[PDB]
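All remarks here apply to the structure that follows.
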Amino acid sequence: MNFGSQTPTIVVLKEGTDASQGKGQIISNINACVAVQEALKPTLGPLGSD
Amino acid sequence: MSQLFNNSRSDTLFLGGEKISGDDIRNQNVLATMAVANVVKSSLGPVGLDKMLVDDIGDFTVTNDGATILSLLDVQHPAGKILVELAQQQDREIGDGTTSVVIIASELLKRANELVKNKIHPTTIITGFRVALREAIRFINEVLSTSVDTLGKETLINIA
Amino acid sequence: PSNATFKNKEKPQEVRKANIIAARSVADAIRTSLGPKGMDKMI
Amino acid sequence: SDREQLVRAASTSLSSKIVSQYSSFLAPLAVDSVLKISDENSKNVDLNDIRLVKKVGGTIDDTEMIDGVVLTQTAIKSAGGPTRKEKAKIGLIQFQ
Amino acid sequence: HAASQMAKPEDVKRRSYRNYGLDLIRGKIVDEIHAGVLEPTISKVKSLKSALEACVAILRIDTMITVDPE
Ligand SMILES: Nc1ncnc2c1ncn2[C@@H]1O[C@H](COP(=O)(O)OP(=O)(O)O)[C@@H](O)[C@H]1O
Ligand SMILES: [Mg+2]
Ligand SMILES: [Mg+2]
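Right under this line is the structure:
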């Protein structure tokens, strides 16, 4: 009845598509913005650096 | 949180790995602490739930204790090894609060790093914790309760 | 003047400059470890 | 033999590092451990006569003074031997 | 807890609060004596001290130096 020896299961998303649940991703997104924020932290002020 | 790795410096030539300084170290040390603190954060208390760790030979270990879960997690980072050996020191001495002492240390390094960014020295921060802890142990002595008017072994049962 | 001694050698002063910057590089690594406000160094 | 200048002079060096809040009772511990034990006057004052035993576990406050010598080694207990003995004379066996 | 610490020494009910708190099963405030939640005093003693020394060891670090293996 079957076409061959075995039949591997289908991944729902495409192979290599990154996905994650829970509170870890939104913390990573916030930490990503804070990482960009730290570059512009000492630039603020009339006594900042280029 | 750290990005854009430090440049190899030609004026300071040391054998082995490159030197790195600034606030990135305390950011990396806290980031290394969150790598282990988030592991033990979920398995705290009755409602807490634990995880599994395979031994790469089919065997695994479902562990609730903080000393056991950190013993199998061989942390290559230097700052994480302090908390790994602390739990091995905690469970041998007292055998209780192994998860809380790591969670307390992680929250301290979080807010301590925030205070260093607020431009107060760590020596003043450490002096603030020691005078606070000396009053805390004095307050722990105030809230003690001696077992009295208890029927049989009930105080040993409910505390277990 | 023209009769002054040129000394024919600029390599010695350049090597001394390379040593001073190399010596000041590691000296400035441990500058923040001095006094009560010093910081520890884990190697 | 002055416990005023020698104690506070040792705490100045301990304050530039770790372990300094507990230096109030480790500073005078350093004074008597050298002047009253190692050598009294000059020319000879030795640090190899001082012993520091490294041990994992415990807290920083647990460090205290011991009037006598402490052995880093432990008993065999293999045979059922005593591990404490009041009023015991200690003999050094240098053979097998 | 605050309403208990601030209170007069002479106030039974408020003082009692100093004794109770969070419950994880039913989700309400109940007495620990009747519930049976209790710990030793030694468990908290020398736990914050170990966490204190753990914080001191990392907090005092400024720079990190790594030597590659031979
Ligand atoms: N039945 C309970 N009701 C309320 N709190 C509890 C109960 N059981 C445990 N806890 C709390 O959970 C914390 C951690 O407990 P436990 O996981 O047994 O210790 P460890 O942190 O060493 O793993 C304790 O500080 C305790 O106050
Ligand atoms: Mg427990
Ligand atoms: Mg000194």
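Protein chains in written order, with the working numbering: chain W, 659 to 708; chain F, 145 to 304; chain P, 8 to 50; chain A, 0 to 95; chain S, 2 to 71.
Don't be surprised by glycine CBs; every beta carbon is placed ideally from N, CA and C.
Would the segment 1–18 of chain A and the segment 33–48 of chain P be scored as touching if the rule is three or more Cβ pairs under 8 Å? Counting Cβ pairs under 8 Å, three or more are found: they touch.
For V174/F, the first and last residue of its enclosing beta strand (DSSP E): Per DSSP, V174/F belongs to no beta strand (DSSP E); it is in the alpha helix (DSSP H), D167 to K185.
Residues, ordered as in the chain, of the segment 55–77 of chain A that lie near chain S by beta-carbon distance below 8 Å: Taken in chain order, the members of the segment 55–77 of chain A whose beta-carbon sits within less than 8 Å of a beta-carbon on chain S are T58, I59 and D60.
I want to see whether chain F comes within less than 9 Å of residue 76/S, judged by CB atoms only; does it? Given a span of 2 to 71 for chain S in the structure shown, any question on residue 76/S remains unanswerable.
Per DSSP, what kind of secondary structure is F149/F in: helix, strand or coil? Coil, per DSSP.
Could you say which of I30/S, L60/S and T42/S lies nearest to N285/F if we only look at CA atoms? Comparing Cα-Cα distances from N285/F to each of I30/S, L60/S and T42/S, the minimum goes to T42/S.
Determine the burial state of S22/A: buried for a count of at least 16 other Cβ atoms within 10 Å of its Cβ, exposed for fewer. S22/A comes out buried.
For a contact defined as C-beta to C-beta under 9 Å, what are the partners of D47/P on chain A? Neighbours of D47/P on chain A, chain order: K16 and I17.
Step through the CB atoms of chain A and report whether any lies within less than 9 Å of the CB of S51/S. When Cβ-Cβ separations below 9 Å define contact, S51/S makes contact with chain A.
Any idea if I37/P is buried or exposed, counting beta-carbon neighbours within 10 angstroms, 16 or more meaning buried? Residue environment analysis places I37/P among the exposed positions, since fewer than 16 neighbouring C-beta atoms fall within 10 angstroms of its C-beta.
Roughly how many angstroms lie between the CA atoms of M46/P and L253/F, to the nearest whole one? Taking the straight line from one Cα to the other gives about 15 Å.
Any beta carbon of chain P sitting closer than 9 Å to that of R61/S? Against chain P, the CB of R61/S has a partner CB under 9 Å away; the residue lies at that interface.
Apart from the five residues on each side of it in sequence, which residues of its chain come closer than 8 Å, Cβ to Cβ, to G241/F? Around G241/F: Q234.
With distances taken from CA atoms, which of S165/F, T290/F, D155/F and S244/F is nearest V183/F? In this structure, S244/F is the residue among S165/F, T290/F, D155/F and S244/F with its C-alpha nearest to the C-alpha of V183/F.
Extent of the continuous alpha helix (DSSP H) to which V260/F belongs: In the DSSP assignment, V260/F falls within the unbroken alpha helix (DSSP H) covering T242 to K261.
Pick out the complete alpha helix (DSSP H) segments inside the segment 4–40 of chain A, 4 residues or longer, and give them in chain order. Runs of the alpha helix (DSSP H) lying entirely within the segment 4–40 of chain A and spanning at least 4 residues, in chain order: 4–13 and 22–34.
Where does the unbroken beta strand (DSSP E) through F204/F begin, and where does it stop? For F204/F, the uninterrupted beta strand (DSSP E) run begins and ends at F204 to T207, by DSSP.
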